[PDB]
Structures are given as structure tokens and as C-alpha cells.
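Structural description and commentary
The primary structure of each chain is shown beneath.
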There are 2 protein chains.
Amino acid sequence: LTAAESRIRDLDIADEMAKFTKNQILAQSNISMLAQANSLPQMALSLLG
Amino acid sequence: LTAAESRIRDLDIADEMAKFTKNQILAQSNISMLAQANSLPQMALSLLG
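Residues numbered from 1 in each chain as written, not as in the entry; some residues may be left out. Chains lettered and ligands numbered in written order. Part of a larger assembly, values for the part shown. Heavy atoms only, no water.

**Remarks on the overall build of chain A**
The condition is simple: Working definition: helices are DSSP H or I runs of at least four residues, strands are E runs of at least two. Numbering for both runs from the N terminus. Type-normalised accessible area, obtained with a 1.4 Å probe on protein chains alone, sets the label of each residue: buried when under 20%, exposed when over 50%, and partly exposed for intermediate values. Per-residue and other accessible areas follow the Shrake-Rupley method at a 1.4 Å probe size, with only the shown protein chains counted as cover for residues. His residues and chain termini do not enter the charge count, which takes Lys and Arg as positive and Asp and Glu as negative. All charge positions are set by atom: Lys at NZ, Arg at CZ, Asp at CG, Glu at CD.
Across its full length, chain A holds two helices and zero strands. Along the longest, intermediate and shortest principal axes, the C-alpha atoms of chain A span 75 × 15 × 5 Å. A total of 49 residues make up chain A; the buried ones form 0% of that total. On chain A, roughly 4900 Å² of surface is accessible, and the fraction owed to carbon and sulfur atoms is 65%. In chain A, the 4 positive side-chain charges and the 5 negative ones have mean positions that sit 4 Å from each other.

The following block contains the structure:
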């Protein structure tokens, strides 16, 4: 029964590590794209004016 | 809805600037022709006698 109960304890650490790594990689791309999105259009329009 | 609402806020700046430039160009022609029209009548007649 202690073998049976210790089957919902935690995931095999590898997959949780993989999820952490993938999300951490994706966050920085989000941040960079947000920066460029803030930068572009208003500067372009001010150049037009 | 914030994308939908901000479609009746303002036009593009390009056509507004085009309107501004066209009106400014036409106004000076009006002014010069008004000056010539005022100069025309009496000066050409004053030598009637």
C-alpha cells in the first residue's frame, strides 16, 4: 500500500524540467516581441508627420 | 471591443496632411489673384482723361 500511494507523489522530474525549460525559453521571445511592437508604429507615424 | 471602438476615433494622418497642403497651396493663389483684381480697375481707367 505504501508502494501504491507513492504513485501520485510527483512526476518523473525530467518532464517537469522540460516544461520549465520550454516556458522559460518562450517568455523571453514574448518580451522581445513586445518591445519591438511598442517601438515600431508610433515612431513610423512620427516620421511620416 | 477596444479594437472595434477605435475605428471611429480619427482617420489616417496621410490624407489629413494632404488636405492641409492642398488648401495651403490654393489659398495663396486666391490671395494673389485678389490683389491683382483690386489693382486692375481704377489704375487702367485713370488715364481716360
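Next comes the rest of the description.
**Some words on the environment of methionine 33 of chain A**
Along the chain, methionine 33 of chain A falls in helix α2 (residues 13-48). Between the C-alpha atoms of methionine 33 of chain A and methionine 43 of chain A, which are 10 residues apart in sequence, the distance is 16 Å.

**Considering a negative patch on the surface**
Residues and elements named next belong to chain A. What counts here: Patch membership requires over 30% relative accessible area and the absence of a salt bridge. Like charges are linked within 9 Å, and nonpolar side chains (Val, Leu, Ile, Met, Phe, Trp, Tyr) within 5 Å. Salt bridges, as used here, are contacts in which a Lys or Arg side-chain nitrogen is within 4 Å of a carboxyl oxygen on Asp or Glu.
Taken together, the side chains of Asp10, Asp12, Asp15 and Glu16 present a region of like negative charge at the surface. Mapped onto the fold, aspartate 12 is located in the loop between α1 (2-5) and α2. In this structure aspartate 12 comes out as exposed when scored by relative accessible area, which is 66%.

**Considerations on a nonpolar patch on the surface**
A contiguous nonpolar surface patch, about 330 Å² in accessible area, is contributed by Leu45 and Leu48 of chain A together with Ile13 and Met17 of chain B. Among the elements of the structure, α2 of chain A together with α2 (13-45) of chain B are those that each provide at least two residues to the nonpolar patch. Along the polypeptide, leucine 45 of chain A turns up in helix α2. Residue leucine 45 of chain A is classed as partly exposed on the basis of its relative accessible area, which comes to 43%.

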